[PDB]
C-alpha cells in the first residue's frame, strides 16, 4: 500500500484526484510528496523525517467526524496543491506564501468537534467561552496547529530563522481564521474591491487572494468529479444532523439548512453552488482564466444535476402528501 505509484503522483496534481481511494498512510505520503515536490523541504531546510512525524501528529489531532476529519484535511491541501499548478501560483507567490498556503490548508480544521460555531456559542461551550464567541473553532484550529509545531519532533519549522517563523505564523493565522464562513460575505466584498484594480505587488491584495484561495479549497468538494464529490454531501448532512438533533434535545436554536426535516441532499447543494461556490470561483477566474474550464465547469454540471435530482425528490414528496 505504502509507496505511491508514479501514476498516483501524477494524478495528485489535478482536481480529479479520487480522494476516497486512499487510507491515512497513503494520504500522508501524498502530503509528504507535495512538500518535497513544491520545493518547500528544499527551500526551508525541513528535516524530511520531521516532515513525516509532523504529518503524523496532524493526523492524530483530527477527529473521526463524518465530515470534518483528516480526509477533508487531505482534500483541501490536495486542492490547494492543484491550484498551485493550474494557476502557476509559483509565478505569483514566494515560497514562504506557498508554505503558508499548504500548511494552513492542512491545519485549518485541526481538532474540529463536529458542531459548528453557532452551536459552540448558543450552547456556551468551553471553546465559545475561551474565545469570547469570536470564531471559536478557527481560533482553536490555529492554536492546536501551533501547539503541534511547538513540539520539537514535529517542528517542520525548526530550521527557519525567527523572523521567517513570525511571518509564517502570522500568515497561517490569517488564513485559518479566514475559513470561518460567517466572514464569507465580508471577505468576498473586500476581495472584489481590490479586484477592481488588483495589484500583485500589494501585500494587502495578496493577503486577500490567499484568503480566497484557502476558502476555495476548503469548500471545493463540488468542483471534483461527481462520483468523488457526491459522497461528501452525505457526510456533511450526517454531521449536520448530529448537531441539529442535539440542538433539539437541548432547546437551542436549529438552522433550517441543518434541519433533518427540511434539508435534502439536493437542496443542501443547489443554493450553496449557485450563491457561494460559483460566485467565488467566477471572481477568481477574473485573475486566472484557466479556472473557468477546470473548476467552474464541473460546478455548472453539478448544479444542473442537483436541480434534476430535486425534481425527482419533489415528485416523491408529492406522493407522500396526505
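Numbering follows the first chain given and starts at 1.
Chemist: So, looking at the entry's B-factor column for Cα atoms, which has the higher mean, 185-193 or 206-214?
Modeler: Looking at the recorded C-alpha B-factors, 185-193 comes out higher on average.
Chemist: On mean C-alpha B-factor from the PDB entry, just flag whether 247-255 or 164-172 is the higher one.
Modeler: Higher of the two, by average CA B-factor, is 247-255.
Chemist: Whose C-alpha has the highest temperature factor in the PDB entry: 153, 138, 111, 133?
Modeler: The record points to 153.
Chemist: Which one of 92, 124, 72, 224 shows the biggest C-alpha B-factor in the PDB entry?
Modeler: Out of 92, 124, 72, 224, the record gives the largest C-alpha B-factor to 92.
Chemist: Of the three thirds of its chain by CA temperature factor, lowest, middle or highest, which one includes residue 269?
Modeler: Its C-alpha B-factor, which the entry lists for residue 269, ranks in the lowest third among residues of this chain.
Chemist: Report the third (lowest, middle or highest) to which the CA temperature factor of residue 288 belongs, ranking only the modelled residues of the same chain.
Modeler: For residue 288, the deposited C-alpha B-factor lands in the highest third.
Chemist: Sort the modelled residues of this chain by their C-alpha B factor and say whether residue 201 lands in the lowest, middle or highest third.
Modeler: Its C-alpha B-factor, which the entry lists for residue 201, ranks in the highest third among residues of this chain.
Chemist: Comparing residue 242 with the other modelled residues of its chain, is its CA B-factor in the lowest, middle or highest third?
Modeler: Its C-alpha B-factor belongs to the highest third of this chain's values.
Chemist: Is the Cα B-factor recorded for residue 62 in the lowest, middle or highest third of its chain?
Modeler: Within its chain, residue 62 is a lowest-third residue by C-alpha B-factor, going by the deposited values.
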